[PDB]
Structures are given as structure tokens and as C-alpha cells.
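We begin with a single chain expressed as C-alpha cells, specifically the form deposited in one PDB entry.
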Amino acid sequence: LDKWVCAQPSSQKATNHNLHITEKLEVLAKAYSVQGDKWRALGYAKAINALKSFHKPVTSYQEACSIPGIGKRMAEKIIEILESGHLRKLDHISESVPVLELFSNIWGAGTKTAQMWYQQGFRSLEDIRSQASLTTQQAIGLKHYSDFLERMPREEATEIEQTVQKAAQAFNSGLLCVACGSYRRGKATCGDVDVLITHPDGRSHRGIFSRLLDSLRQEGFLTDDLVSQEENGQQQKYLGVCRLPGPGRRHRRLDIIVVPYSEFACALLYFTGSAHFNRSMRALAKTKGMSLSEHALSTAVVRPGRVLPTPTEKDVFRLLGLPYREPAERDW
């Protein structure tokens, strides 16, 4: 399993012997991403991780092609950056890219919405404010534009997780709440706070979003809601905005999901990430005739598959033939 990142520790990227190469490829990858070339950007992402994890500085066209995640096209850009120190294509990125990046950083606006605004002639958030037709989400996103681009100290994430846990455990002391995402992976700063809630009795998790959200709204803790389907009663997730009380506090993104205990480990695995780690592991499950989601690890379906027993993260690693990784080692 040298071809899968979920099989390796992410700490390999700590000693990156190719920054002068990857720093330029990241710029190309971002241009493709904001321009909508989802797959070309994905390939660039995997090559940047392969290069970041390689043991030595790359020096040879042959050496480069041998690396999984690097083919002929990528090799030639490498040999170009090594020989000449610069990469010519970086001076031929569409001039539209910076504006596209500006717009697609509005929460709720993606590549298709950005490309449309650009075609209609908008070039600044000012134009967007005053001429674009915005969705309820995009309007909130626009209003917290800077805040949603800002990361917070992991100490503030702990306060936010504690706020949620105290509210939830107030009306059911048996609830378990866990902070996931970059927080659980050990990062010093967190872009948002990802809270996982369940009840170990297998049933008391049902019908608690309503109680929890009202409790957290009665405190003024929640300032905006991005996604919160709370009419059908099948609510699985919540995405919104919060702010801790007092001076010098910023608006922070908050994601909550409630899960039945039977799905804890898979829910825990998905929410802890990283995202590329998840896509790698899930891609690995497919090859082994399995299917991994936030709900379960299961076998392929009948042209309804069996659900494999996964009481802990460890068991999901074991069933996929992978060495276990601490959450901090899944930071791909």
C-alpha cells in the first residue's frame, strides 16, 4: 500500500524536500479548482501530496515518473522547474482566476456561480453586494466573508465544543460529544468546530437537535444558520455560525451531526478526516469490494450488501488491511 495515502502517516509531509516545486504546482491546482476543472485539480492535489511526502529532492525525469501520483505531464513540469527555476504556465493562467477565487470564497457560491457572476461582469464583492441575486446562504456567507476565511486557536474550539456539550448534556447527561475535524487531528488552529453527538444507549440520540438548538439560541450563542432542516425531524446535521460571549470575539463556523451509536466509529472516522484521507480510504474500500460512508462499512450490493461490524475506528482499518493511524496521522 505505497499507492494509498490512507496507508501511510501524514507526518511524511513534514520534511518536504520539494517546496520550490510544490509551491508552484499549488498555484496551478488552485486555478483549475476555481475554474471548475475538478478532476485536473484532483490529480494536481495527489501529485503535490506525493511530492510533499517523497523522501529526497527529486532530480530526474525517470525518478519522477516512478512516483505514484506523477505521470509524464507532471514529470515534465518538474524537470522544467528544476532546470530553469521557473514554470512558464504560471504566467498564462486566466486573468479571471483571482476574481473567481474571490467569488467562490463566498460560502454557498461555488465554481458555477462564480463563473456566472464573472460572465455577467462582476469583479468585486462590492459588485456582488449591490447587483447579484443571492441565496439566503450566500448572503450569510457574504456577511461573514472575512470571518469564514479566518481560522481560530484550538483553545477557542474547545470553548465552542464545551458550550455545545453543556447545552446538550443539560437535558441528557448520557450524551457523548466529540470535537472532530482539524481539532481532533491536533492542528493548532481550526477553520471551524465539528461536533459529533451520540448516546451510548443506542436510542436517546433521537429528537435532540430541536432541544439543543433552541437551548443554544436561547443563549444567543448561535448567530446564523446555513443548513438546518428541522421540520421533517430526520435532521442529521447542522451548519451555522456562533460567537462566544464577551469582547473581542469573532463569528466562527459550527457543524453538528447527531448519529446513532451503532454508527459511531464510521461517523467518527468521516468527521475526523482529513477529506483527502477519507477519499483515499473510501477509494480503497471500493477496490476491496466494500463501501465506506459516514454510516457504515459494507460490502458491495446485489445487482443491498452486508454491513461489516465496526465498533471502533481500529476495526475499519483492520478490515481494509491498513495499519491504524492516530487522527493526527490522517492529515492528508
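Residues that one form lacks are left out of the comparison. Throughout, we count residues from 1 along the sequence that is shown. The term rigid core refers to the most C-alpha atoms you can superpose between the two forms while keeping them within 1.5 Å.
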The stretch carrying the higher mean Cα B factor in the deposited entry, 161-169 or 200-208, is 200-208
Higher mean Cα B-factor in the deposited model: 59-67 or 39-47? 59-67
Have a look at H144, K112, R243, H86 and flag the one whose Cα has the highest B-factor in the entry. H86
Would you mind checking which of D127, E101, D255, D91 has the top Cα temperature factor in the PDB entry? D91
Would you mind checking where the Cα B-factor of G233 ranks among the modelled residues of its chain, as the lowest, middle or highest third? highest
Comparing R151 with the other modelled residues of its chain, is its CA B-factor in the lowest, middle or highest third? middle
Using the B-factor values recorded in the entry, state whether the Cα atom of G305 falls in the lowest, middle or highest third among the modelled residues of its chain. highest
In terms of its chain's C-alpha B-factors, the third that includes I79 is the highest
Would you mind checking where the Cα B-factor of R325 ranks among the modelled residues of its chain, as the lowest, middle or highest third? middle
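The discussion below concerns the form deposited in another entry, not included here.
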Scan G202, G233, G186, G110 for the one whose CA shifts by 2 Å or more between this form and the one not shown after superposing the rigid core, and name it. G233
Pair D224/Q235, Cα separation in the other entry versus the displayed form, closer or farther by 3 angstroms or more: farther
Considering a change of 3 Å or more, are the Cα atoms of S298 and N232 closer or farther in the other entry than here? closer
Listed in sequence order, the shifted stretches between this form and the one not shown (at least 3 consecutive residues, every Cα moved by 2 Å or more, rigid core superposed) come to 82-85, 229-235, 301-303
